[PDB]
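Chains as they are written, first to last, in the working numbering: chain A, 68 to 190; chain B, 68 to 190; chain C, 246 to 637; chain D, 246 to 637; chain E, 246 to 637; chain F, 15 to 120; chain G, 3 to 107; chain H, 23 to 132; chain I, 23 to 132.
Here a beta-carbon is modelled for each residue, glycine too, at the ideal position from N, C-alpha and C.
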Amino acid sequence: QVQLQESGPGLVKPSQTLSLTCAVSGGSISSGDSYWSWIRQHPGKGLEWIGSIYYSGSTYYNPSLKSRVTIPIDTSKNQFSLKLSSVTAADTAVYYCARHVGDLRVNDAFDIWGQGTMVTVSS
Amino acid sequence: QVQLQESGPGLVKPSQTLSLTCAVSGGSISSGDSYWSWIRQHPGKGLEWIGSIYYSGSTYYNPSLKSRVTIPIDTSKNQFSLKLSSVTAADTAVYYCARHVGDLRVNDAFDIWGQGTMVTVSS
Amino acid sequence: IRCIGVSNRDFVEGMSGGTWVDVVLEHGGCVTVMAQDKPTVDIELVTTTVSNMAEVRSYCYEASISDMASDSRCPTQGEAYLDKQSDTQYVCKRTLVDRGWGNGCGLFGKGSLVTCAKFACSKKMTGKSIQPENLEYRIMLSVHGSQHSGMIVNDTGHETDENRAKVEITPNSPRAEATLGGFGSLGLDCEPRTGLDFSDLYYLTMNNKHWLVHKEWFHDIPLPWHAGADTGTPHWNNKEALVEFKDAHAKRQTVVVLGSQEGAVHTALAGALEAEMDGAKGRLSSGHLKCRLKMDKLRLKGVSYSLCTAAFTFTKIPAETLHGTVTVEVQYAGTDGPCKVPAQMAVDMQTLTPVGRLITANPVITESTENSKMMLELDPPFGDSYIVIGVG
Amino acid sequence: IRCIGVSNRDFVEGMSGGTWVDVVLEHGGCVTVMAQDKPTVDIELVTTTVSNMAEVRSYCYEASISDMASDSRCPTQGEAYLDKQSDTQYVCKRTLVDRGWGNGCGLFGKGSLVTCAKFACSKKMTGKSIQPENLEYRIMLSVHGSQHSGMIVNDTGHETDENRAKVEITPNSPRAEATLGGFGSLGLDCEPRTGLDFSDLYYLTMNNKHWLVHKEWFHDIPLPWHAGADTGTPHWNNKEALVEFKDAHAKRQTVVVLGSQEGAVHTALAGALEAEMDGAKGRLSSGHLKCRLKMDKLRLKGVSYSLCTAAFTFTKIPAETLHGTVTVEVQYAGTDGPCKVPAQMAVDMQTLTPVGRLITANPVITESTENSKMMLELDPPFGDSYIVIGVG
Amino acid sequence: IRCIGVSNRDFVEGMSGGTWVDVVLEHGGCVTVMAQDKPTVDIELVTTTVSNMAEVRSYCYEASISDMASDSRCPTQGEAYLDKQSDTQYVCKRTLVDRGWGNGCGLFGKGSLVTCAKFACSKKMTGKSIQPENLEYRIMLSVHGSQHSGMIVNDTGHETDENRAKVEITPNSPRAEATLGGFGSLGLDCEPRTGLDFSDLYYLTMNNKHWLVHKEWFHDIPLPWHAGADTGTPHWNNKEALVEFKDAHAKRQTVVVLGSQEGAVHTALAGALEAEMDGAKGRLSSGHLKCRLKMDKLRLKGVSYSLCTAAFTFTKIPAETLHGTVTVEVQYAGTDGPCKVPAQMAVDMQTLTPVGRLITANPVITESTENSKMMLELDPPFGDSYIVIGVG
Amino acid sequence: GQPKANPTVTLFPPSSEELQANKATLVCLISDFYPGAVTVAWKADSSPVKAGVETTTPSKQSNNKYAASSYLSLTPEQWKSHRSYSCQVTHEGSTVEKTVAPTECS
Amino acid sequence: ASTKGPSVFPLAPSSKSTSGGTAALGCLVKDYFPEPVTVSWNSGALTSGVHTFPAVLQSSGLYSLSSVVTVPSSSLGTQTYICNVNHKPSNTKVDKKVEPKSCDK
Amino acid sequence: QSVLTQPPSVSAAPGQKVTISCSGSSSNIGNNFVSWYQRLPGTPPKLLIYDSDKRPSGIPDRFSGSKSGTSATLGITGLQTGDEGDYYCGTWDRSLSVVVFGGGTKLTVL
Amino acid sequence: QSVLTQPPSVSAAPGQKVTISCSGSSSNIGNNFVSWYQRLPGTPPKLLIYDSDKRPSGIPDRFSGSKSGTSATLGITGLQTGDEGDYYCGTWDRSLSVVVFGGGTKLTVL
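Quick look at the structure:
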């Protein structure tokens, strides 16, 4: 079974850049039905998608997190990355790295979820 | 030669619906290079296109006149119609019904002009 | 009397006991009927109104390409997948073009290029479909008799005429009876359900050119076919037939739209009949109906009226009107009122025997004025003869 | 020594003058080479890395219909033209259904109904295309000689070993020379351009199931084919094959999508070889290369080293290892350092003649400790015999 | 009248003395019966309720392996005996793999490895078995007569209609008599025991997809077969067919489960008929029964009622409804109450003879209002003719 | 057929009149749970203490929900010395926690 | 967020918390970051009746972990109870001496 | 504006069917089909339902999805203590251009 | 924003070449080619120039179009009293999505 595990520095400073790595088991980034999406899940709020990289490496993200979010992908390692430069209190949240919907799914389909790396941004 | 003649009630009341009919000579609405466009030409202002019906009967118009303009077409009579419900002082203008540009002309090409039925909207 | 001057005029003599006569109600022809106790009535199916012609799948008559682009992948570097290639408004064509090391690919071979462009039909000819309940044949009947030369073509006024009148026969109203004043009532028993193949033909319109094309030819037109009344973004059924994406020897797939097919449509519309369109009622001026002429109500008007007094002056003396019938134009000089024209056509004037049958039989002067212009009609034998109009 | 324990182990004896030897570098096999002045080296092409596999046209593996609707026209009342029928994201099927007076039409006949629905592929198997410049075969060479039983399978460390080491041969680097310490340098002349049909096959991935399917079978998959790297709205090439619009006896065209084709894909993937995927480098563990073994640089290490002193104790006494070769595991009890194992395998012990050839020829003890564990190998004749390990 | 608009409509004329008529009660068809002293009644077996379908041996549709492990013994070191190998929830496969001195065994040879894993069926298609005492065919009868165009398809209300009504015939109740008000009582003598092979077929359900598959195909499905109503730990009859324990060249027996077989089940469900399921009563909309039409109780209602007064206006004038029958829609303008429509269809209007038989024979206006909409039906000869609706 | 009625946890610290008697009682009610099942844990700060904690079982109310009550025993020095007091109710895998401090609700 | 040790509240026993001859004392280090803080009773001398529950993550991101200890009611006043909280993050080590419920004010 | 209004309190009787209604908008909930993410206390959300009707593989049969306008409905028939979690609806917004998760559903099978 | 800045005053010598400059924008004048409508006092505008270079059929050879950026230029070489009228530029706007006519050019061949 394909499994995603988000990990990284759960405690970050204000103005810092959090880096969460989603490791994948049972698959790779170059798969035929893979589009690894990272979603910010703050406490007290619903899950909001921040970045969704594809098999080619680039992808589309939310415009509110467009100025600070990056969706890195490790092709040789088979892992995904969610980066947040100049983070704040509002950027701290759950950072799961699920593998997204298939080919004809123009809308999102979060069938598989990541490990859920929670982020804390405090000074 | 193809000729267009716009006619109708040149004097209209406020809140009324002006109806200009463009008669066509030398052609019909079902032609192979026909797209009959009505353009509002107010005094003191340039010509602005308000409605452009096609050979199938429906067509695209300007969004400012979208709430009041209609582009009727008479398939059996070979005539075009420009209707303006709830007219005002700003809706009174020249209402010529020219036959528009050809097939690959995605932009407009007003090669032939109508009779130029001027509209007056006063109470 | 609106039917004797027709070059394709048909002479009807003898019916099935006077009750029912089988006639061919031609769209371009007129048939004159002469009976034993009825006057000669010319029936001409001149009007043909097709109402409520619903639109059919109409091919595009002149298309044009939009802003076209190409998506190129290398040989073994993926196929072309254009962003406008998935758009329904843009027609696209994919092909295998040459991509090399000098051609930009990483391997010399056959790369894949797809060229797309917004192929929009700038105008399309639309074919209306005619249902059987939309036809209405307008047939004008005209009793040959007390009328002048200015009433043969002067058809202005048929309800207030009393010598000629038009009746519209539809599929809903096949049986009718037109009361021709003085002559009684002519019974029309036309079969509007038995039409001239109205369900096998469509009325195509292109440039205001109505043509009654066949149903197979209307369903076989290879144009960009807009489906129905969707007047917005057309479907363009067979919309790829109007443009041609000619690939070059390198990665240049020039998409060139074809020219105006209205000339080729006129070239294919030679074998069809061009019909007129009077708005919602398209005017088809040709056809062939089958009419049941009811001559039982048709009587001979003015039979009890006596002969005219005198002064039958043949002004505008006529000849054979293309069929052997001699149209006699007379001026009855006299105040007899409802007098009868005692005319005879014979060679032998010492015998005074009748020589030929009369087209306008029972010639009766109707006007009570001094000089009454009237038109009569006679059909004598082959040759020339003497026309005695009156006694002495 | 990593090649003698292979059940499909190949024994190489005799080369073309010691300069070039033609060998079959199998992906699953290992070949042991024995020479006149070189030790037995087992070469096993175990690694096979395919790097930069670009995506190909991948069919949909499980689709599903969206919110479907129908546009119905009466018989002779126009064809169905759905608003979602002109949308590329919605697949639609038109048909002729029954429309009557009780069926809502104005005439009993065949109306036209078109049923559309947003047919989206919920998941699709994607086939990567492998270029010829992406293969890299990892072949481990291992000199049979001074090694114990824990170095036959103990492959942890090949750069610091000096008895075994792995060399990666690619298409860009077909010729190489692996310096095996003490033994000299084994020359690899493998032809990476002459691979096992890498250009005729694709690497399909479905559910993390890598399969090296054929190019014709990969180009013959009837699924909804997304074209290239367009990861948004897929094109769905042959996307209509996944759903079926079954029309009823009345105006109900139920569009039912097919089931999951991953089971049928596994049923069609029986004749292909299942490959592994280690990220960007897919691990194919099978194949057959052709290697030029350069034995000119291969020397016999420890030939000038003298014989061992004594105390050759056969601990873990071996037998035939599935091919007639007898793996001799000995413990050299003695501090001779670089001593040579004076072992012999013969039936007749009164003669002391040599009975059979040795697999690990030139058995030399390498360790300078007290009890040095070493593995030797001999191939005697058919039957049983006496193994004298040492003198006395 | 619910049977004349059917494209597969059957015309029944002539019975065995009016007592018993043998008819084919088709599941998709409707048969209109016309008698000498009875009105035309259309019977359509539209409903088909299968109740109490008991479950059968249902194969697994998508399985999956649990946490798998391997028990390995050396060559001549005992066979593999897994602790989960004796567990019924874990499927296991034993094989002979290579075990050597470098492979961990004490002798080079064929060791024994058994790989087990908890092979559980994640979902299974279940086939209900239909007994002969569960079928109930709902046949709607409708007397063609005093009804409008909105009662041909307007089936809302059959008990309070008096012109149409539905009767359910089961195997327990094969004989019935539906009292059609005014027309008397139509006697149904359908044989529910003589069904369309209900005992030779099963109703398989997979993903809410009801399919009336054959009994041999339902008993020949190679899936992991859960036996009966044991909804807990399934037996998985033929549960080993879903996974494959592919052994490698070394001691790695990878157990890979197969994909989803719902697509292959849809591929095998092409030759079966897809049935609906309305809960406990599965709705099968197809079949063919054999009905004994009892026309002895069927009388001609309104025969003693007199003819209508006048004002029969053919609004929505009909044509041939795909079979030669002309559906006459009339508006009786008049307050005659129970008047009879004196309509005639003939070519010759001078004779007034009857030209063709009428489908809705005995056309009687039922409403007492001013303008009463009614539907009549006539079947004239080949061609077009005159329809005189009324006198004058 | 039990509908959606989740449990709610409410915590109350020791009173000033109870602290004047040299005692402390921290009440923690988990009420309205459908079904009536909850596991009650009480601790000073966040780690669970196991002394003086009497938790009642869930009893079915008139609204079809189940409610239980717990009392964590301490002293006035326990309320005035411990920086926090936490009570958690675990139902269906979910945990509802309430924390009360002796120097914050004065 | 940032690394910081929590407050070291001593959670003493009292007359209203002692049932029978046993009384419950405790210790709570709250508002701590990182989570790795260990609790001991009397420097390891009090292990019987010691319960070290898992920590509770607060809404401010500071973890709250502690321990409880069932001790003698007769030992409340004659034996000192001192919890020791050692936090790996930030190097915090705090000895908090819990006291009996002195309500004489 | 990326908020899906879901019922945050979920209880469940033994064998009881619970109803969770996630309200969206016409652009996202009305625009497409929305699934749900079922998360544990130490686990993230896993997919349940796709397109508002099609349940994922391995999901229970008691979980039943439905879609009506911008409202997704998740029924849990035969709900137990294992049905308790955080079931939050989610859908892609046509106006937003990104997938948005709802307010959540704190299921508690007591 | 559908305004094309054109020179409203146009004179003309006998045989004189007049210049009319219709200024648009980068979205409409710069986006595509703009033609002109020549209108009489009792007549509407007739097409002169298409794509900014290609003159219509029946148009005079003295009328010469040119396009530079968002600026269309209409030269009238050999202008007479019959060249007087209302020559107004017009072009389709990519941002506007509709064809817009300019401010006009009151040509007066005195």
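Among the options, the one whose alpha carbon lies nearest that of residue i
| i | options | result |
| --- | --- | --- |
| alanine 525(E) | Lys484(E), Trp346(E), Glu300(E) and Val257(E) | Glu300(E) |
| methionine 298(E) | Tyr326(E), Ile310(E) and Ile375(E) | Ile375(E) |
| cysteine 553(C) | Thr598(C), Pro583(C), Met620(C) and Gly395(C) | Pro583(C) |
| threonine 293(E) | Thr340(E), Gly372(E), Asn607(E) and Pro437(E) | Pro437(E) |
| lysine 535(D) | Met620(D), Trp265(D) and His494(D) | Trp265(D) |
| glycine 93(B) | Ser189(B), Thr184(B) and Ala165(B) | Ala165(B) |
| residue 135(H) | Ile140(A), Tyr128(A) and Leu85(A) | The first residue shown for chain H is 23 and the last is 132, placing residue 135(H) beyond what the model contains. |
| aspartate 475(E) | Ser303(E), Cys248(E), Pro284(E) and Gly273(E) | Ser303(E) |
Neighbour-count burial assignment, residue i, 16 or more Cβ in a 10 Å radius
| i | result |
| --- | --- |
| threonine 605(C) | buried |
| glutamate 324(C) | buried |
| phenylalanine 627(C) | exposed |
| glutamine 281(D) | exposed |
Neighbourhood of residue i by C-beta distance below 7 Å, restricted to the same chain and skipping five residues each side
| i | result |
| --- | --- |
| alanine 365(E) | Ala308, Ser309 and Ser311 |
| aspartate 492(C) | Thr340, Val342 and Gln498 |
| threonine 580(D) | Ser613 and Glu615 |
| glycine 183(A) | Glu73, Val161 and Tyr163 |
Nearest-angstrom Cβ-Cβ length linking residue i and residue j, presumed shorter than 8 Å
| i | j | result |
| --- | --- | --- |
| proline 27(F) | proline 116(F) | 7 Å |
| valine 186(A) | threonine 159(A) | 4 Å |
| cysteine 89(A) | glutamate 73(A) | 5 Å |
Own chain partners of residue i with C-beta closer than 8 Å, once the 5 adjacent residues on each side are dropped
| i | result |
| --- | --- |
| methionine 594(C) | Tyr631 and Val633 |
| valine 69(B) | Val91, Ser92, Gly93, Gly94, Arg166 and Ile179 |
Proximal residues to residue i (C-beta, below 6 Å), its chain only, five neighbours per side dropped
| i | result |
| --- | --- |
| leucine 441(D) | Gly532 and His533 |
| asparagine 616(E) | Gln576 and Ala578 |
Please confirm if the region 54-67 of chain I is in contact with the region 105-113 of chain I, defined as three or more CB-CB distances below 8 Å between the two stretches.
Counting Cβ pairs under 8 Å, three or more are found: they touch.
Taking one C-beta from the region 474-483 of chain D and one from the region 163-182 of chain A each time, how about it: are there three or more such pairs within less than 8 Å?
In short, these stretches touch, since the Cβ pair count reaches three.
Could you say if the region 375-395 of chain D and the region 501-509 of chain D meet the contact criterion of at least three C-beta pairs nearer than 8 Å?
Under the Cβ criterion (8 Å, minimum of three pairs), the region 375-395 of chain D does not count as touching the region 501-509 of chain D.
Taking 8 Å as the cut-off, does the region 445-464 of chain E touch the region 379-389 of chain E (at least 3 CB pairs, one atom from each stretch)?
Contact fails: fewer than three Cβ-Cβ distances are below 8 Å.
Kindly confirm or deny that the region 24-44 of chain H and the region 89-96 of chain H touch, where touching means at least three C-beta pairs closer than 8 Å.
With a cut-off of 8 Å, the region 89-96 of chain H and the region 24-44 of chain H count as touching, because enough Cβ pairs lie within range.
For the region 24-39 of chain F and the region 89-96 of chain F, state whether three or more C-beta atom pairs, one from each stretch, are separated by less than 8 Å.
Output reads yes: the region 89-96 of chain F touches the region 24-39 of chain F.
I want to know whether the region 50-59 of chain F touches the region 93-107 of chain F - three or more CB-CB distances under 8 Å.
A contact exists between the region 50-59 of chain F and the region 93-107 of chain F.
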